[PDB]
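> So I pulled this structure from the PDB, and the sequence comes with it:
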Protein chains: 2
Amino acid sequence: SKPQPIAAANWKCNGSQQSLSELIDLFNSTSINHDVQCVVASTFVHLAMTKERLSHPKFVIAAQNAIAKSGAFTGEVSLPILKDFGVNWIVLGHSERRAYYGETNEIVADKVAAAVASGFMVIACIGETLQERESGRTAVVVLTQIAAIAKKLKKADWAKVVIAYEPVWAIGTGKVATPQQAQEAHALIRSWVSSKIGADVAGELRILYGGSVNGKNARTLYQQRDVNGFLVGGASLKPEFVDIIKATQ
Amino acid sequence: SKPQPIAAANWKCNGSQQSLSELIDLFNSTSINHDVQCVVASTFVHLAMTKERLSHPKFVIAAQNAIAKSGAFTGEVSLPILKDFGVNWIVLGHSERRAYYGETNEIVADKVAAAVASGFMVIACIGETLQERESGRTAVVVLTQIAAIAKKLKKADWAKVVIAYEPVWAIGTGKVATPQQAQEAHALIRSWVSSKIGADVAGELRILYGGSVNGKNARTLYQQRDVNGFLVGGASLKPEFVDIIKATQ
């Protein structure tokens, strides 16, 4: 007995005027039969165009990142800026940031909260690496991350949260995650929330899988018991996204 | 015998719809009597609005930052994206990035080049810190930075370059730079370019000062022999910017 699923497009560092024009036209002509929440998160440069073009009411826009405060922080963007722009969704702690940009469990927890404090909806990312997988550290690891976040939240805040789980271990390492594994992971986090925060809370919380999802392997993964959605990469620039959405019926 | 000066507004991590609306209206009603190049660099979020609103023809827009390539680099922005958005000016290696964001002489040199390669106009930032000042290291330091850049350029590329000098040592340290000092610094770099690259090149190159400039201390600093402009912070959100511009007659 599932909560409302989410299909979030993570466009990352891609796009053009024409191409994105193209996609969004696609989106807007697409008939979304069920209760899904579609999330599109582009570049700071493209948000406006996006804010302007998506008119499909089952879709929202989000940021791929931000920093908590305004100021003397050249070329960075802040929550307060985003809100004013009228953006109520954000993705924080994405593996790529953690890895190439110095995001520790600590900065993340600190941002999610602030974002949380400022009334945003948050897709907080977590996951473990290859070495972490192999030494058998997955639990010890993801729990730690989740904690770091949770330490900073009110229970009433959990409601603005969403946990997308990224299996960093199989992301570009030549290694492959199966649907079982994915499920095995989501069930972990859930037990945590549950045992630790409230099953009332655990029950309603959404958990997306952010490994590799395509138009093929999608249904199969939504069918998994603890899966409530997707955090998509490549496919999200493609039309297949429409297929991944339907995958969430 | 000076080249065309530049008055670049560095809005950093600030702004709102209304406030920025306000400023730009200011800008557009301002009569700019002389040959100045006015540069406005805002957030990625605000570029469009800015691209839309500034209509004053002696003004351009720029980015406060970017990364060389598109891809799997969440929440970052790239050259190729910017160009497509129609943005031909960028600021790279700003002290704040270097300090809080891991920008070494090496990344910078690598970006400026790429930016250079992609047809951008570049305000490359340099400067030394407090400890660097005190041990008497200013030359040894700025030269090193400039080099790092220069290593990567063609002589014909120097033409898309602009060197703004930031005296990191007096920026928020409670320490104060004088107009003499500023001049002393610009003359350093110039001798370098000159001795090292071509006086043809040295002659035409612009050097802005990015220390603290306000509506007061401005004229006095433009009067300095080796000063060709400004890289402004706070004042740039204020109307005083208009005064700093005039300061460049």
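Right, received. Where do you want to start? Numbers count the residues shown, from 1 in each chain, chains lettered A, B, ... in the order given.
> The residue nearest to residue A:133 when sequence neighbours are not counted: neighbouring residues, count only.
Closest residue in space to residue A:133, ignoring its immediate chain neighbours: residue A:169 at 4.1 Å, by CB to CB, 6 or more residues apart in numbering or on different chains. The way it works is simple: take the backbone N, C-alpha and C, and place the C-beta from them, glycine included. As a burial measure, the neighbour count of residue A:169 was computed by other CB atoms under 10 Å in any protein chain shown and equals 20.
> now swap in the one 10 residues further on and tell me
The criterion is other CB under 10 Å. On that basis, residue A:179 has 17 neighbouring residues.
> what's the spacing between the nearest residue to residue A:159 once chain neighbours are set aside and residue A:190?
Leaving aside its sequence neighbours, residue A:159 sits nearest to residue A:204 (CB to CB, 6+ apart; 7.6 Å). From residue A:204 over to residue A:190 the distance is 11 Å, taken as CB to CB, to the nearest Å.
> more crowded one of the two?
Ranked by neighbour count (other CB under 10 Å), residue A:204 and residue A:190 place residue A:190 first, with 18 against 14.
> and that one, how far is that from chain B?
With distances taken as CB to the nearest CB, to the nearest Å, residue A:190 is found 25 Å from chain B.
> ditto for residue A:172
Counting by CB to the nearest CB, the separation of residue A:172 from chain B is 8 Å.
> ok, now which ones touch that residue?
Shown here is residue A:172, which makes no contacts under the criterion CB atoms under 8 Å, 6 or more residues apart in numbering or on different chains.
> Dihedrals phi and psi, it?
Recorded main-chain torsions at residue A:172 are phi 60, psi 30, according to degrees, to the nearest 10.
> what's the answer for residue A:10, then?
Main-chain dihedrals, residue A:10, degrees, to the nearest 10: phi -100, psi 90.
> The one 3 residues further on now?
Torsion angles at residue A:13 (phi, psi; degrees, to the nearest 10) stand at phi -100, psi 70.
> Which helix runs longest in chain A?
With DSSP state H setting the assignment, residue counts place helix A:179-197 as the longest helix in chain A.
> close to chain B, is the strand or helix carrying residue A:27?
Mapping residue A:27 onto the secondary structure by DSSP states H and E places it in helix A:17-28. Yes - among the residues of helix A:17-28, residue A:17 lie within reach of chain B under CB under 8 Å from any CB of the partner chain.
> contacting residues around that helix?
Residues outside helix A:17-28 that contact it (CB under 8 Å, 6+ apart): A:11, A:38, A:40, A:42, A:46, A:49-50, A:53-56, A:59, A:237, A:239, A:242, B:84-85.
> tell me which strands and helices the helix or strand following that helix is in contact with?
Next in sequence after helix A:17-28, counting helices and strands by DSSP H and E, comes strand A:37-42. If contacts are counted by 3 or more CB pairs under 8 Å, 6 or more residues apart in numbering or on different chains; DSSP states H and E, strand A:37-42 sits against strand A:6-10, helix A:17-28, strand A:59-63, strand A:89-92.
> repeat that with 10 Å
Using 3 or more CB pairs under 10 Å, 6 or more residues apart in numbering or on different chains; DSSP states H and E as the contact criterion, the neighbours of strand A:37-42 among helices and strands are strand A:6-10, helix A:17-28, helix A:47-53, strand A:59-63, strand A:89-92, strand A:121-126, strand A:229-232, helix A:241-246.
> Give me the most central residue, chain A.
Closest residue to the average C-alpha location of chain A: residue A:123 at 4.2 Å, with CA atoms, centre = their mean.
> Make sure that one is actually in contact with residue A:39.
Yes - contact criterion CB atoms under 10 Å: residue A:123 and residue A:39 qualify, at 7.4 Å.
> Between the two, which contacts overlap?
When contacts are counted by CB atoms under 10 Å, 6 or more residues apart in numbering or on different chains, residue A:123 and residue A:39 have A:6, A:8, A:10, A:62, A:89, A:91, A:162, A:208, A:229, A:231 as shared neighbours.
> do you know how far the residue of chain A most remote from its centre is from residue B:107?
Residue distances from the centre of chain A (CA atoms, centre = their mean) peak at residue A:72, which lies 28.2 Å from the mean C-alpha position. Distance check for residue A:72 against residue B:107: by CB to CB, it reads 20 Å.
> picking that back up, same question for the helix holding residue A:27: list its buried residues.
Neighbour counts using 16 or more other CB atoms under 10 Å in any protein chain shown place A:20, A:23-24, A:27 of helix A:17-28 among the buried residues.
> Out of those residues, which is nearest to residue B:127?
Here the nearest of the buried residues of helix A:17-28 to residue B:127, counting by CB to CB, is residue A:20; it sits at 37.5 Å.
> Name the nearest residue to residue A:89, ignoring sequence neighbours.
In space, residue A:89 is closest to residue A:62, 3.3 Å off (CB to CB, 6+ apart).
> which residues touch that neighbour?
For residue A:62, the contact set (CB under 10 Å, 6+ apart) comprises A:8-10, A:39-42, A:47, A:50, A:82, A:87-91, A:120-123.
> Helix or strand: which one has residue A:141?
Using DSSP H and E, the secondary-structure element containing residue A:141 is helix A:138-150.
> buried set for stretch A:128-138?
Neighbour-count burial for stretch A:128-138, counted by 16+ other CB under 10 Å, picks out A:128-129, A:132-133, A:138.
> Ends of that stretch, what's the gap?
From the first residue to the last, stretch A:128-138 extends over 6 Å; the measure is CA to CA, to the nearest Å.
> contacts for it?
Stretch A:128-138 is touched from outside by A:95, A:98-99, A:127, A:139-142, A:144-145, A:165-171, A:173-175, A:177, A:181, A:184-185, A:188, with contacts defined as CB under 10 Å, 6+ apart.
> one more time with 8 Å, if that's ok
Counting by CB under 8 Å, 6+ apart, the neighbours of stretch A:128-138 from elsewhere in the structure are A:141-142, A:167-169, A:173, A:175, A:185, A:188.
> now whichever helix or strand residue A:162 is part of against strand A:121-126, angle please.
Under the assignment given by DSSP H and E, the secondary-structure element containing residue A:162 is strand A:161-165. On the basis of axes from the mean of the first three to the mean of the last three CA atoms, to 10 degrees, strand A:161-165 is oriented at 30 degrees to strand A:121-126.
> contacts for strand A:161-165?
For strand A:161-165, using CB under 8 Å, 6+ apart, the contacting residues are A:6, A:8, A:91, A:112, A:116, A:121-127, A:142, A:146, A:149, A:153, A:182, A:185-186, A:189, A:205-210, A:229, A:231.
> Quick one, which of those are buried?
Buried members of the contacts of strand A:161-165, scored by 16+ other CB under 10 Å, are A:6, A:8, A:91, A:112, A:116, A:121-127, A:142, A:146, A:149, A:153, A:182, A:185-186, A:189, A:205-210, A:229, A:231.
> Run through the residues that contact residue A:249.
Here residue A:249 is in contact with A:33-34 (CB under 8 Å, 6+ apart).
> Find the helix or strand that it is a member of.
Applying DSSP H and E as the criterion places residue A:249 outside every helix and strand.
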